[PDB]
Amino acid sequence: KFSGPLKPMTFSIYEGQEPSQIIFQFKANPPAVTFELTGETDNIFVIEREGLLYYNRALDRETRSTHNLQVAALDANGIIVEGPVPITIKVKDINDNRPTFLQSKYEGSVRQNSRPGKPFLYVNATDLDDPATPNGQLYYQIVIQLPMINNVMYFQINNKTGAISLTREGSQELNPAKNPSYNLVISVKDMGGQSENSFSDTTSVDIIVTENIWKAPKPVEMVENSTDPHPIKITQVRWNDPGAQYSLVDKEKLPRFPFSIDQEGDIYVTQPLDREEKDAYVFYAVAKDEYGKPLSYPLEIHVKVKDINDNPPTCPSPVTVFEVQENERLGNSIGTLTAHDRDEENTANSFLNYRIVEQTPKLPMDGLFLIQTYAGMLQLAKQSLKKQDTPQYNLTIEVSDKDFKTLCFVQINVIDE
């Protein structure tokens, strides 16, 4: 059990234990009387004359992991009679070494609004202990982010791999105008971090946030019916790096899409617009590499079409017909003529006024009618009408907007009670 013949053997011993202790008692048989220890003794392992193998110094896995020893039996004369046989000492590991970061100071940089979770810098540390045991198994962690807005982490670190990346929130909020420069303190721990007794090292990471010039531009307003020569530049986008191939992606599949994009990222309008066909547009600008692989998120472009006065007022019909009783007196409501304008509601482009131009016949007098200037309502201006005297009136009404006029024809039929 702690004694026995010379045969191949392996013992496993913890390093860093008190330089006492026996390993094993080897047993003789005549003609053999003494024993000899050779190999990687490293002035640590010793055999007594009569078979007692032991070590006299602390072992160290880090200086040497396995000791390859040989034990021979000698006869009384001093000649080898058994062996040598190999005795193997496996030095079992303890956590006697602190992890060390390969640099005390790190620098990285990351583009604003880059994919969260993507490595931009690695911090690497090592531990001289056994990677196949807690003792040499490392766990990284952010100690502080400086500066820090409202307890919100803009960076994170992969607890195993040492990869530093932006969080969701960093991708989104990190702005080099507000804050171009961040310090991270990183801690590494052995024992996979899972012990209060683990050994720790720290290091410093300076991070520069580089500019992103790929952003959604300001909403565009374009006047319809452009009298100017086309195409016209209306907005632009720029990829961070040169060489990109620019597309425009039209989200509805419109009949004519009157915007396109050139190779510098300039967005042009091809044609005149018409408010009256098409009020507004949304589409996307996309950046490509030489390979046809999208470079980033697409960009939302908005075009508002401003109205011009490019439709005149129209008549509700070739002749609009109203009937009035003779028993009706000064100020009767007769009817409302409502002309239409295709230009933009509630603007001066579509805001009609009304004037009576002609009245035939003028009997018994002219001016028997008024039309309310904006409501378009016809009232009797003077007296009652008399079917006996004239059965019917024909009015020419001038409907006009800001800079167009239109003539519309109204018939007033006189009826009895």
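The numbering used is simple: start at 1 and walk along the sequence shown.
The stretch with the higher mean CA B factor, choosing between 72-80 and 94-102, is 72-80.
Comparing 62-70 with 357-365, the stretch with the higher mean C-alpha B-factor in the PDB entry is 357-365. Remark: of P217, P255, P180, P147, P255 shows the highest value [criterion: C-alpha B-factor in the PDB entry].
Residue set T227, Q236, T133, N175: peak C-alpha B-factor at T227 (per PDB entry).
Compared with the other modelled residues of the chain, the Cα B-factor recorded for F322 ranks in the highest third. Among the modelled residues of its chain, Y284 has a C-alpha B-factor that falls in the middle third according to the deposited record. Sort the modelled residues of the chain by CA B factor and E344 lands in the middle third. In the deposited entry, the Cα temperature factor of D190 places it in the lowest third of its chain's modelled residues. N159: CA B factor lies in the lowest third for its chain, per the PDB record.
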